[PDB]
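Some notes on the structure that comes next.
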Amino acid sequence: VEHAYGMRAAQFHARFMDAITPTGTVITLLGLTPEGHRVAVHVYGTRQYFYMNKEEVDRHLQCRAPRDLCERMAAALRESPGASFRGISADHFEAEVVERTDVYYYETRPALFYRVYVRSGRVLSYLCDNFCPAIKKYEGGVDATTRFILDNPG
Amino acid sequence: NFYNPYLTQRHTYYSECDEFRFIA
Amino acid sequence: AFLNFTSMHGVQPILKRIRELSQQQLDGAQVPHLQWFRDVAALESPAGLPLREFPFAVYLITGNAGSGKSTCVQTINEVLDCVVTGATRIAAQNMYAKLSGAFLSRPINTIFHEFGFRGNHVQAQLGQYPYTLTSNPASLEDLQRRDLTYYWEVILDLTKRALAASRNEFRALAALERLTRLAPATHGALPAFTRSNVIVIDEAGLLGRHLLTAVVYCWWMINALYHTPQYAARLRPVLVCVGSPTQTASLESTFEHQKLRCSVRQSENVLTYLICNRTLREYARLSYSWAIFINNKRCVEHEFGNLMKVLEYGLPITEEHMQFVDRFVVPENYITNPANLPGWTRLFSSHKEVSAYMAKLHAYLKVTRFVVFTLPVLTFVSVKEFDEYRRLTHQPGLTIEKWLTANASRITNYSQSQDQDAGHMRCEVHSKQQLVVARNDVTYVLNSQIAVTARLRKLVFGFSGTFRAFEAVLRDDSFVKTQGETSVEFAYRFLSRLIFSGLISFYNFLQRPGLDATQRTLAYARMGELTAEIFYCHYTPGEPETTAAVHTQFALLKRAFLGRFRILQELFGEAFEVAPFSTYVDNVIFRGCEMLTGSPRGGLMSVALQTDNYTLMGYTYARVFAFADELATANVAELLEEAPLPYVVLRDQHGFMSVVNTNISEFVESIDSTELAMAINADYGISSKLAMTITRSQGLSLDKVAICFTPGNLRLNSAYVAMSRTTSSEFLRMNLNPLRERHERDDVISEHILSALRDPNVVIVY
DNA sequence: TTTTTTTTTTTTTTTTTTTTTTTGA
């Protein structure tokens, strides 16, 4: 994760400065060229993410909206015991309603979940260990590299 | 979004040193 | 051009009366001496206070609200010596707007500032001591003593602060040969009451009767300590009270400290006090000193005007009026439903009703999917405060949440405080700094025409408009005028910086579909031709602290952009003019509601105006030390450093984005005559302007109005006030018919105006 | 069936300028 103003004198182009506006995860691919040049392709756009059951979250915090959930999350990151999430807003946590199924059991039916796009995946470690510990987060241990490898087939 | 590049990161390894702890 | 004619030729008799009212010398013995105000300080209780007459004059300017009564005030300001004041900050700014639109008017403050009202006076026991008036007929001395006993906890403090401050001032100059006219100029920061005896109070019906005497009393104070040349000339104050007597009321709030029941009773305003008191109507001679403005300019309807006439004059309500207002009635569930009448301000007759209505629309917009965003507002109580106050209330058992049951209204600006949808108070002891803090959430809507309630410090971060709109700003230098004439160099530095920063915007428009290769070719070719007589290249910005620098370095940048705007304006026709031009001094990225103005440098620090119609934008954090002027207050300053205070961003009428500061307000009221700083409330102080109460609607006019009337509580004055806030009867909807339902009409001041309209010595201006 | 309890305004002293990012058990 890199902080925008920390890299303000960087003079980057578009998509490479707006991803890290507050703070943003950068998937850096280290390697060589066939002629021996040491390259570090700084990939942008990759975000860690998890699922919470839609009805379960809707009940336990009356999150009548995906963003109403983002507000409850940032309210928790404000009440955070020690000030590690300063300034956190309702836009660091974009969410959508997906239609996935729990792998456990065969009788399981495909429910509605919220897929909650965190940035700065340590916030996901907080929002996974401390956010509503009675709701069940699904893939909150999957780091951003695995999201990069898997989301892009091949 | 407004971005003007005409309006970076620090290297945390010793590129220079002028005093150290001489043990020998 | 003929619209002004009647006012132009009818204000002259008004002007030719205020002059003799202000140039009438009093007898030597009738002048209140300094020793009088010395004894007032000595007096502890307002009982042994001696019966003392304080001479004064009045001139009443009444007339329909929005009857253009301000033309009279305008003519007075440019011809007469005067100190123009206002009953509310909004009214004072409205008069400033309408006085600086013709000539120069000095910063118009409130009458409260003029007589020295300060912070600690806001929550002061203003109704405590009793008075059995030795009256009927009520002597003026008794009325003034009643109004001083009413405000003893304010008059006494003002007198003590003015007196115990010490003597130099005018006393010095007067003895030039033993030049006080040039004294207020050489000796600055002197109270404005020391240089004039004509005090214009606009919308004076918003002030209670207690204030009238108070103002006169205070006048004499500030002319006695300083020994003003007017005091040596034995002149007396003349209070030109301008306001609507039947469209404005004053209310007094008293809080009982055990029942926790804040009550608000109706009171006699200055206008009603002067019109309806036989003692004041004789001493002030209101018959020869009354001007009624009778025309409703904004109104362009006919039946709407007749209804306003019958309601204001107390005329009998006929069947025809009922049938006319019948065409406005729309169901209860139609107004309250947020899907109907979009953009129409909705008035209710209860603060709970507004709190309900604002919440439902919040849900509607949120579910349907502006953005219904959540923003923190906090509170800071202290353990010692609620320990000692609980001790003194004869009830030491009271929960903090029960403390916030009603004092939340009495902890900040009442208007937005009781008309906001908010969460559950999280009262957690943050006694690290010896405190107990609360936390709730005042959900707003995104991108709405909100209004600033309290005084905020605006910090303009840039302009989000069109190329044409920014060319206009530079061409007329309207922005420079808004910052005042004394400090123009600060306004010229920031515009210069913007033009040297907004050069990249032209290059993005270069990527526009529907343009020929050679159309873009000629675009960049003329860019190069202008660079030949100037591409951003490497222009050297900045200038020294010199008046010439902001008229030479800026002059180049102003001419540079102006030309550049007009250059591509001809190249791309209307397309370039309408193209969105955003200029900022920093990389400003606004995803959703969250904004990011990076690290501020305080390029242009100003103060937001309450009247200015802003637009809600988003809550950037970007902690600025400009708003962080924090110095009790330091104990919460440390926590504000701890918890990042969000600064809400607003968009003015022009379109310039401005980041503002938060608001902090104290509660101090007690019963043991021990005013101590209890609780300070940190929040945002913005109002939606979409729903409000009828009583607050009196202050400001509205575009589109839907009125929700509660049956049984129907007061025809409330109906008249609610229906008169909009110019056109076409855009007006209502719950029921106030004329068809049982209504408590109080037509006592109406007959008094009618008898005034029936007096040869009262000046009617059409 | 009684049955409520509605609304407001004021609270100044100025205009630039030292940045930080593993924590828990």
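Residue numbers (my numbering), protein chains in the order written: chain A, 513 to 666; chain B, 49 to 72; chain C, 9 to 774. Note that CB positions come from ideal geometry on N, CA and C, so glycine has one too.
In the structure shown, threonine 628(C) adopts extended strand secondary structure according to DSSP, grouped into three states. Contact of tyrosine 627(C) with chain A by beta-carbon distance below 8 angstroms involves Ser601. When secondary structure is reduced to three states using DSSP, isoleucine 119(C) falls in the helix class. According to the DSSP assignment, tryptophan 298(C) belongs to the beta strand (DSSP E) that extends over 298 to 301.
Using a CB distance cut-off of 7 angstroms, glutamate 602(C) counts as an interface residue toward chain A. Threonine 56(B) reaches chain A at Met519, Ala521 and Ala522, counting residues in chain order whose Cβ is nearer than 7 angstroms. Here the C-alpha atom of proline 645(A) lies approximately 45 angstroms from the C-alpha atom of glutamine 618(C). If you draw a straight line from the Cα of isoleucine 283(C) to the Cα of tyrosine 372(C), it is about 48 angstroms long.
For the pair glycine 707(C) and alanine 462(C), the CB atoms are not nearer than the 7 angstroms cut-off. In the DSSP assignment, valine 385(C) falls within the beta strand (DSSP E) that extends over 384 to 389. Contact between the segment 300 to 316 of chain C and the segment 269 to 288 of chain C is absent: fewer than 3 CB-CB pairs across the two stretches fall below 8 angstroms. For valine 635(A), the three-state secondary structure derived from DSSP is helix. DSSP, read as helix, strand or coil, puts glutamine 519(C) in coil. By the rule that beta-carbons nearer than 7 angstroms mark a contact, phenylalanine 50(B) touches chain C. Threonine 326(C) carries a coil assignment under DSSP once its states are collapsed to helix, strand and coil.
For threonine 407(C), not one C-beta of chain A is nearer than 7 angstroms to its own C-beta.
Approximately 6 angstroms separates the beta-carbon atoms of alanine 232(C) and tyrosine 239(C); this is inside 8 angstroms, confirming the contact. As summarised for the segment 692 to 741 of chain C, the continuous beta strand (DSSP E) elements at least 3 residues long and confined to that stretch are 699 to 701 and 713 to 715, given in chain order. For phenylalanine 664(C), DSSP records a beta bridge to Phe471(C). Nearest Cα to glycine 313(C) within the set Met742(C), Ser737(C) and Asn769(C): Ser737(C).
Every alpha helix (DSSP H) stretch that sits fully inside the segment 387 to 414 of chain C and reaches 4 residues is listed by chain position as 391 to 400 and 408 to 411. Per DSSP, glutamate 585(C) has no beta bridge partner at all. When the five nearest sequence neighbours on each side are left out, the beta carbons in the same chain lying within less than 8 angstroms of the beta carbon of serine 758(C) are those of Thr254, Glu320, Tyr321 and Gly322, in order along the chain. Among the residues facing chain C, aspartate 570(A) is not included, as its CB has no counterpart in that chain under 7 angstroms away. Those residues of the segment 369 to 394 of chain C placed with their C-beta closer than 9 angstroms to a C-beta in chain A are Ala371, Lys374, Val375, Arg377, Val379, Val380, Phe381, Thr382 and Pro384, ordered along the chain. Across the set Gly536(C), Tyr500(C) and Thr494(C), the C-alpha of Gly536(C) shows the shortest separation from the C-alpha of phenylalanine 514(C). Here the C-alpha atom of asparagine 743(C) lies approximately 25 angstroms from the C-alpha atom of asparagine 72(C). Note that the C-beta distance between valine 444(C) and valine 391(C) is below 7 angstroms. Distances from the CA of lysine 466(C) to each of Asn12(C), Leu198(C) and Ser666(C) were compared; the closest alpha carbon is that of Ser666(C).
Listed along chain C, the residues sitting closer than 7 angstroms to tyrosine 54(B) by beta-carbon distance are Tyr544. Listed as beta-bridge partners of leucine 190(C) by DSSP are no residues whatsoever. Along the segment 27 to 84 of chain C, the alpha helix (DSSP H) occurs as fully enclosed runs of 4 or more residues at 42 to 50, listed in sequence order.
In the structure shown, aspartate 641(A) adopts helical secondary structure according to DSSP, grouped into three states.
Flagged as an interface residue toward chain C: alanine 577(A), by a C-beta distance shorter than 7 angstroms. Under the three-state reduction of DSSP, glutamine 274(C) is assigned to strand. Contacts between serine 590(C) and chain B, judged by CB atoms closer than 8 angstroms, involve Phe50 in chain order.
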